[PDB]
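And the structure:
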């Protein structure tokens, strides 16, 4: 989902 | 008109890599840690880690490998930068200084080729024959390793295999052989290729292709006694080697993916494995000896040792000690035990290292209601989640404050020859002296029968044989404690006044101008011993024994008056050993000799607020380090005080500084106070381990904070925090966080452990009925956190499947209340974009949290911002303004909207707004004629934005997918109806971090313009400010000169490094300056320093000073 792609991105990727 | 300045405020703290070997010497065990652009080098000792060298690279480190080439003394180091700078480095400890020499280097970028998925991999063959690089899909770059090739000319070889997952060289091969998992339809496979560097092909492999698990992702090359490879996957681990095949499917592995490994025993009989959940595993290989047929592999086995914290990086050290390099949590040293302890863990933590984690979001608060600047961050992820409070300087907590004007010196006093706790204070005034008693927390002012009160005291200590000395300017007195009487009195042969004091515990050294007299406190009498006269008037003196004697000082520190010089004398005689002329005509104010570590320090501070420092043997007297490091502008006064283990030095000035110890340097940090003039240590009956401090007109006493230049508080949350807002009138913080629950046997969700949202002092769930239409699930909450105790006052949980994305604290419309607004989103896995979310208004005012309003909304509320009395919300490609009715209702005019996806949003107090839409920065203003927003301007030129900020009305800072910063500005020129629609990149700069948050604020306040802090995935914290024509040019000047001077590790041009770089383009940097480069000017020798300077005015001093005014910026 875009949404968790975004939360992943601020963590880097994880 | 574009001038920007950028400094690091906190070096990156996340660990990206770590490796072990013998690089300091062949006879050492080192830990090498890669931060971002930083290599850290440790020695594994017995207590833990001994730092030796910390170095800057002009490049994100992406490969870090140790190896020793044929016939080589110690290990060598290979480093590959993300911008493709290669180099091989050597650790040369030649002198008492340490250097990193570039044995080779070159740029291995290829004009062709797409950066592979799974990224740069770099590897080195066991034979040290070559270096294999996998940079781009379909290509394998080989660098041959021989005594030449100091440029690392390399060659590519076509890689038939489109999509490689992982690669290592296999051990024990009669020619370099590659092993790799790759993907093609049909799943994944493992394959071999020999590397024929002779003719630059691949040949065949030493064993057939084999299928591997769909999620296979780690290749480990097992060493010679065994050979072959281990391939770690999901739910299965397997050994491969020729026709030999072994496999296990241990259920424990089946959850969390295994992310890293390390080899424990050089046999490769044992490996450590690390999870995403931070579970740590031992992987054991079972050897089956024949009786003549050598050793074979009988089986594999895994055992759960416990849990570290989430690891990027795992390194077996010595004797069951492990370093855990963490990216998402604090790093740590961890002891592995044979027997499982309490809780049933084989893992016990010895040490913990501060990581500001990924700074996910943050904000600046004047926390303890002082004009300062405290940063508070949402840091880390999952169980490593936390808040961090970053404080500048060192603070002291005020127990008592007795005001009393015009103090000119302070000495601590103890009415008992037995204890080490004092009960008397001594305040020398201009013409007088008044003594103080101490009942406990009380302070009364009677005197001692043996002490003068009509003269001024220059010293008041404790001596020998039940005695208490006063060195008044008229005469040195001696009082016995038990026998309360003047046991003798020394005066100057001609009744001349004593000028400078000096008194340890068993020794005295006064001065009457140029004249000096060394007396002694041998039982109950003041016995003169020596006399010399100085070439000039004496400014300052100090004597405190340094080790080999206790109370009896063998040496003398001295400051003179005309030749502005400091010297070392020998007290039995006074004979002049080494003297050092400083510059200027401003007198030495204080001089002091103290012991800290493996350097005996004697330093001296001048009268304009300048200082110079010197290491010295207590054996002889040689001039060591010397850099004019200024503090305040008031003549500084130096003292010694007891603290933690090591006891340190406090410099009094209008700029209160404390001198600690770094690696083996001395730390320079601000004390958070107005101005200190004099300060003494203590141990009182009513004020234990404390310090006394006097200003113009106040006496004070209290405790001292940490040690560092930045002090950091940690508030663990045990879950992911995503957003944070301060609420002044409620004295607290709102934090959005989320936690992971799992598919129950009951179906629902359980609890994988207690965290902030499950252990809050109080709670509430969403009762809203807005919707009616083996697996892992986020569960989101709103935390309410006390700004003082940082306890989790209340937690509100949102509905099943609702993710909170945005949060705000504001007043709305006419209402005086402050509501914390939360924008949500109904999130289901199958959907790409959500179609449902809400806007909830809550209230925390009394002692609890009230749900005020709910507003149904047709998508995900990605961001929101209080505009001008309304709520501007960005819902899923739409932007809508909301009104707060007087009946406490939120409402919009549904034909008044926007076609923007504002992932990031900011507002200028005006009717303005910086967004991001289809990968671009946009500028919009409110036009009430249309009840709308107008698109004033846009940055064409595409950019995968990560954060965004308004600097002023015409200039907009952005950060982006490729670790670049940029400033967009609106054109101030003609055809204002086309060229006006285009904003322009006036500034560019490769930053090397991934920015998540800018916010206006500073950590400094009690000369340049502006202050914007920023937070990083690596946990960096930066600062950005505006300059002006002169500085920017001057500093730009200073940059280019500074490049030519400074030696940079792997011979990488600062110019190349800082240049803005994306997949599409490479521009040099514009409108930016790294304070980082401009600050390394001070860390140069006066020699190279006078190089940089050749040609306003231009000088080595005029300019040294410039850079310091800049250091005070953070």
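Residue numbers (the deposited numbering), protein chains in the order written: chain B, 86 to 99; chain A, 1 to 773, 783 to 1015, 1023 to 1111, 1122 to 1140.
C-beta atoms are modelled at their ideal positions from N, C-alpha and C, and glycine is treated no differently.
Assuming the contact rule is C-beta atoms closer than 8 Å, residue i and residue j should be a hit. Round their C-beta distance to whole Å, please.
i	j	result
residue 473(A)	residue 526(A)	That pair is no contact at about 16 Å.
residue 1113(A)	residue 60(A)	Missing here is residue 1113(A): after 1111, the next number in chain A is 1122.
residue 1005(A)	residue 955(A)	7 Å
residue 305(A)	residue 346(A)	4 Å
residue 411(A)	residue 344(A)	Going by Cβ atoms, the distance from residue 411(A) to residue 344(A) rounds to 57 Å, so no, they are not a contact pair.
residue 630(A)	residue 1095(A)	With a Cβ gap of about 15 Å, residue 630(A) and residue 1095(A) do not count as contacting.
residue 326(A)	residue 312(A)	6 Å
residue 1086(A)	residue 1026(A)	Actually they do not touch by this definition, with Cβ atoms about 18 Å apart.
residue 922(A)	residue 942(A)	7 Å
residue 256(A)	residue 275(A)	4 Å
residue 93(A)	residue 1036(A)	About 30 Å separates the two Cβ atoms, so there is no contact after all.
residue 24(A)	residue 30(A)	5 Å
residue 589(A)	residue 637(A)	6 Å
Would you mind stating whether residue i and residue j have Cβ atoms separated by less than 8 Å?
i	j	result
residue 569(A)	residue 556(A)	yes
residue 669(A)	residue 676(A)	no
residue 991(A)	residue 928(A)	no
residue 1076(A)	residue 973(A)	yes
residue 396(A)	residue 20(A)	no
residue 295(A)	residue 225(A)	yes
residue 877(A)	residue 854(A)	no
residue 156(A)	residue 110(A)	yes
residue 480(A)	residue 538(A)	no
residue 1032(A)	residue 5(A)	no
residue 786(A)	residue 741(A)	yes
residue 606(A)	residue 586(A)	yes
residue 86(A)	residue 62(A)	no
residue 378(A)	residue 41(A)	no
residue 932(A)	residue 979(A)	yes
residue 116(A)	residue 164(A)	yes
residue 581(A)	residue 608(A)	no
residue 541(A)	residue 553(A)	no
Classify residue i as buried or exposed, calling it buried when 16 or more other Cβ atoms lie within 10 Å of its own Cβ.
i	result
residue 759(A)	exposed
residue 121(A)	buried
residue 776(A)	Placed between 773 and 783 in the numbering, residue 776(A) has no coordinates, as chain A goes from one to the other without interruption by modelled residues.
residue 1015(A)	exposed
residue 919(A)	exposed
residue 696(A)	exposed
residue 893(A)	buried
residue 330(A)	buried
residue 319(A)	exposed
residue 207(A)	buried
residue 837(A)	exposed
residue 35(A)	buried
Flag residue i as yes when its Cβ comes closer than 7 Å to any non-hydrogen atom of the ligand NAD, and as no otherwise.
i	result
residue 213(A)	Looking at this structure, you won't find the ligand NAD or any other ligand, since it has none at all.
Between the stretch 378 to 394 of chain A and chain B, which residues of the former have a C-beta closer than 7 Å to a C-beta of the latter? Hits within the stretch, in order: 381.
Given a limit of 9 Å on CB to CB distance, which residues of the stretch 831 to 861 of chain A reach chain B? Listed by position along the chain: 834, 836, 837, 838, 839, 840, 841, 842, 843.
Can you give, in chain order, each stretch of the alpha helix (DSSP H) that sits fully within the stretch 100 to 145 of chain A and has at least 4 residues? Correct list: empty.
Every unbroken beta strand (DSSP E) inside the stretch 699 to 755 of chain A [3 residues or more]: Unbroken beta strand (DSSP E) stretches of 3 residues or longer found wholly inside the stretch 699 to 755 of chain A: 710 to 716, 720 to 727, 732 to 744, 747 to 749, given in chain order.
Could you tell me which whole beta strand (DSSP E) segments of length 3 or greater appear in the stretch 903 to 979 of chain A? 921 to 925, 930 to 936, 941 to 947, 954 to 959, 964 to 969, 973 to 979, all fully within the stretch 903 to 979 of chain A.
Any beta strand (DSSP E) of 3 or more consecutive residues that is wholly inside the stretch 218 to 268 of chain A: Runs found: 218 to 221, 229 to 232, 237 to 241, 244 to 248, 258 to 265.
Closer than 7 Å, Cβ to any Cβ of chain B: which residues of the stretch 342 to 374 of chain A, in chain order? Within the stretch 342 to 374 of chain A, the residues whose Cβ lies closer than 7 Å to any Cβ of chain B are, in chain order, 358, 360.
Ranges of the beta strand (DSSP E) found wholly within the stretch 609 to 646 of chain A, counting only runs of at least 3: Segments of the beta strand (DSSP E) lying fully in the stretch 609 to 646 of chain A: 637 to 640.
Using a Cβ cut-off of 9 Å, which residues of the stretch 715 to 731 of chain A contact any Cβ in chain B, in chain order? Residues of the stretch 715 to 731 of chain A whose Cβ lies closer than 9 Å to any Cβ of chain B, in chain order: 720, 722.
Residues from the stretch 269 to 294 of chain A in contact with chain B, defined by Cβ distance under 8 Å: Shown in chain order are the members of the stretch 269 to 294 of chain A whose Cβ falls below 8 Å from a Cβ of chain B: 276.
Can you list the beta strand (DSSP E) stretches of 3 or more residues lying completely in the stretch 25 to 76 of chain A, in chain order? Entirely contained in the stretch 25 to 76 of chain A, the beta strand (DSSP E) runs reaching 3 residues are, in chain order, 30 to 34, 38 to 44, 49 to 56, 61 to 67.
Mind pulling the beta strand (DSSP E) runs of 3 or more residues that sit fully within the stretch 502 to 533 of chain A? Assignment of beta strand (DSSP E) within the stretch 502 to 533 of chain A, counting only whole runs of 3 or more residues, yields 507 to 512, 515 to 520, 530 to 533 in chain order.
For the stretch 320 to 343 of chain A, list every residue whose C-beta sits within 9 Å of some C-beta in chain B, in sequence order. Look at the stretch 320 to 343 of chain A: the residues with a C-beta under 9 Å from a C-beta of chain B are 327, 328.
Contact residues within the stretch 905 to 917 of chain A, judged by C-beta distance below 7 Å to chain B: Here the close residues number zero.
In the stretch 995 to 1010 of chain A, which residues sit with their C-beta less than 8 Å from some C-beta in chain B, listed in chain order? When C-beta distances to chain B are compared with 8 Å, the residues of the stretch 995 to 1010 of chain A below that value are 1003, 1005, in chain order.
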